[PDB]
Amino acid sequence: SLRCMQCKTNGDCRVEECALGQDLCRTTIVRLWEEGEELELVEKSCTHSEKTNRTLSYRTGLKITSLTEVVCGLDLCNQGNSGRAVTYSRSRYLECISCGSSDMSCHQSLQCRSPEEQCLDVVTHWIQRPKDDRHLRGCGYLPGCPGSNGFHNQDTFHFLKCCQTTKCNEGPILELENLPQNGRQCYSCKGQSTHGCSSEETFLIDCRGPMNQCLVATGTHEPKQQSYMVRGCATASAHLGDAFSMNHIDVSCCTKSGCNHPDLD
């Protein structure tokens, strides 16, 4: 029955009554910061339970982008602004390497303003008008943290490395084709059940690097909210579905070649 605040990026809000299976209202914010000046975009609405509090900030030569998202689950808890949060001050803030595909920088350095923030490497390739960046490096806290996770199939490659050590996110830009043949083979598909993930539209892909599990995942995508399957190669990918903007999701992994056959469920 829960109610939230819906605010399209322009500032025009209204009270939203949440559709069932949506136990959290949330505030999404991007603060683009460049030379003194600053734009801020604020978006609010109800959201699905699996959603968590998260932050990601990266440096794009003279510019710093800060994405943040906060979720709560009480009437209009999505309204707040100047009651203030937790003001930090460390002697030695964690420093990470930082860059983005935007100015093809992926590099510079970044001081993480909070202690729960870690160093990030987010690879997002060929998946979902607007478009996520290919490579992103910086500070923040996201699902997979800590550790690292990955997935890849015929259409996509997703990788998140989250780590606490100094400048630990450094190293060469990670492209899929530079991962060595994992030796395992798993199936690959997307889209609707009998329409995109049929027994005869999925084929064996040769997995790469740390992606040796064979997954299948089901849930709800877009344009509306239809059922949606995914098959591919993975690591420790589970709750990590926004890397497909899939919700009400239930993943699965098995460690045997071809084990994720549609016939084998």
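The first residue of the sequence shown is number 1, and the count goes up from there.
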**Study point:** Interval residue 145-residue 146, deposited residues with no coordinates in the entry (none, 1 to 3, 4 to 9, 10 or more)
**Key:** none
Review point. Taking residue 128 and residue 129 as adjacent modelled residues, how many residues of the deposited sequence between them have no coordinates (none, 1 to 3, 4 to 9, 10 or more)?
Key: 4 to 9
Study note, to complete from the structure: Stretch with higher mean Cα temperature factor, 78-86 vs 184-192, is 78-86
Practice item. From the list 108, 156, 169, 101, select the residue with the highest C-alpha B factor recorded in the entry. Key: 108
Exercise for review: Specify which of 54, 26, 239, 31 carries the largest Cα B factor in the deposited PDB entry.
Suggested key: 239
Practice item. Would you please rank residue 40 by its C-alpha temperature factor against the other modelled residues of its chain and give the third it falls in: lowest, middle or highest? Key: middle
Study note, to complete from the structure: The third of the chain into which the C-alpha temperature factor of residue 8 falls is the highest
Check your understanding: Sorting the chain's CA B-factors, does residue 59 end up in the lowest, middle or highest third?
Key -> middle
**Study point:** Chain third (lowest, middle, highest) by recorded CA B-factor, residue given as residue 133
**Key:** lowest
Check your understanding: Compared with the other modelled residues in the chain, in which third is the CA B-factor of residue 177?
Key -> highest
